[PDB]
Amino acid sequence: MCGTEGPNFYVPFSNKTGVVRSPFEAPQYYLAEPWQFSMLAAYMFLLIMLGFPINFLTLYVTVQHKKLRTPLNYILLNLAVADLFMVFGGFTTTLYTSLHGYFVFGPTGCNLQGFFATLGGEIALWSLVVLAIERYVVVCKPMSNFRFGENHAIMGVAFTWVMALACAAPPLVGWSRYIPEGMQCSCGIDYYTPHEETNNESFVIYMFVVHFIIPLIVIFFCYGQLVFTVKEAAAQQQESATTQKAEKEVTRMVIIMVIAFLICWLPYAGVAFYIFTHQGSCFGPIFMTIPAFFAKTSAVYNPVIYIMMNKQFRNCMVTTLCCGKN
């Protein structure tokens, strides 16, 4: 028996020495050296410095450029708003609490951070799904005589918010719970504790099936269909050098987009699953810290991929940054 329990928490350290304290009440300098808490803060700082300019600029640039304000770009803006919830809901709270060495905001702060942070990274996830769907509809032309317009864009965005609430909301009201994770400085969802009073087990599954497998399948399907439709259109007109490049760039990108989706959620899935299936084992705070490192850095690498690598967006940015010129 590996941790120390308490009303709204679970410290991954043994109280046999009697040193363990509430993560809401006193520094956890026995889980990890103080320098490792500082390094945690170093990192949050990095993600705020990189994640906030990149994501905010995206919004700003859309305000300065009329050609960016098209339906096919609503979901990309949604993605940037979501990342901003991650940055302010998640990263800055964790910067502050890490510098105390414990979660100074109490259980309310825990629910709050937990909710917004969770809320942000799910809108992002689902944005990425919705996007592939739209891109598959528009290009693969699966429905005949259909043209994607502003009212589909909006539903797309709203479907994204609804799916997020469908997992950010439950733990606030009984199905699972938010508690400090890892080094106890940031509050996530409890998926590693079997806490029958809230039914952690069933939620963990539902999140796995609905908020992991579904998204994965859809993304793979849509981008499969699309790298297919484009590889075929290119075979059927090799006399176009342009159509040949287009099919090669679209493939390169889809690979990048898929691989980056896995790098972001696969760890969380891999751990969630392996914990679920080795329930009689001890997992360290730094073991819980890993999948969160990968999933959170997506507030930087996602805008890089879906925005800085989008020809339209990139140009407007360079314009805006170079003082109106070039």
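One-based numbering along the sequence shown.
| message | Tell me which stretch, 314-322 or 298-306, has the higher mean Cα B-factor listed in the entry. | response | If you average the C-alpha B-factors of 298-306 and of 314-322, the larger mean comes out for 314-322.
| Averaging C-alpha B-factors over each stretch, which comes out higher, 35-43 or 276-284? | Result: 276-284.
| said: According to the Cα B-factor stored in this entry, which of the following is highest: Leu112, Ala82, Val104, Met155? | reply: By C-alpha B-factor in the record, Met155 ranks first.
| query | For the listed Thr93, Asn78, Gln184, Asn145, which has the peak Cα B-factor recorded in the PDB entry? | reply | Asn145 has the highest C-alpha B-factor of those listed.
| request: Would you mind checking where the Cα B-factor of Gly270 ranks among the modelled residues of its chain, as the lowest, middle or highest third? | output: Ranked within chain, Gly270 CA B lands in the highest tercile.
| query | What third of its chain's C-alpha B-factors does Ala233 belong to: lowest, middle or highest? | reply | It falls in the top third of the chain.
| field | Among modelled residues of the same chain, the CA temperature factor third for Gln28 | value | Lowest third of the chain for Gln28's C-alpha B-factor.
| Looking at the C-alpha B-factor of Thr118, is it in the lowest, middle or highest third of its chain? | According to the entry, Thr118 has a C-alpha B-factor in the chain's middle third.
| query | Mind checking which third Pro180 falls in for C-alpha B-factor across the chain? | reply | As the PDB entry reports it, the C-alpha B-factor of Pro180 lands in the lowest third of its chain.
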